[PDB]
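Colleague: This is the structure, below, for whatever I ask next.
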Amino acid sequence: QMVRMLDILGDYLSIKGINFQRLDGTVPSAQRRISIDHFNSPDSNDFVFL
DNA sequence: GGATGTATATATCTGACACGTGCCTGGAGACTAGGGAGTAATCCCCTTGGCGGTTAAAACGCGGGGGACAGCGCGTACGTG
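Counting from 719, one number per residue, gives the positions in the first sequence under the UniProt record's numbering.
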């Protein structure tokens, strides 16, 4: 529900070292479509989507 | 032998203090009423965290030219006696 908790988990997976992608209200629709197509690709190395 | 600087004693000024006195204004005691504290209900406004979309305002870069500022002359108006 909070994007600051999304920032907390994003930094947790960043120092943890897990390929993560993110979507919230600050992200414009072009990068949203880019992240959705990147997560749904068959050769995606992304593991967790926020 | 005459004239001069310092030292203790007495009279006078001068603000402060002890005493006197009035009186009036503040304090002690009692009573009362009402102003304010507390409670409950109802409804509207504000808080914190989010989202979406428009779009006009804000930010940034760059040319250039208008204006701020420094320097110099002068003559007159103000300082000074």
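For each residue, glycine too, the CB sits at the ideal point set by N, CA and C.
Going by DSSP, what residue range makes up the alpha helix (DSSP H) through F757?
Modeller: Position 39 of the first sequence, counted from the first residue, corresponds to residue 757. From DSSP, the alpha helix (DSSP H) with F757 extends over 747 to 757.
Colleague: Let's see if you can read the secondary structure: which residues bound the alpha helix (DSSP H) around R722?
Modeller: Within the first sequence, numbered from 1, the residue matching residue 722 stands at position 4. That run of the alpha helix (DSSP H) goes 721 to 734.
Colleague: Take residue 705 and list the residues in its own chain whose beta-carbon comes closer than 7 Å to its own, dropping the five residues that flank it on each side.
Modeller: With the chain running from 719 to 768 in the structure shown, residue 705 is simply not present.
Colleague: Could you tell me the alpha carbon to alpha carbon distance between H756 and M720, rounded to whole angstroms?
Modeller: As a working note, residue 756 is residue 38 in the first sequence. As a working note, residue 720 is residue 2 in the first sequence. Cα to Cα, the separation comes out at about 24 Å.
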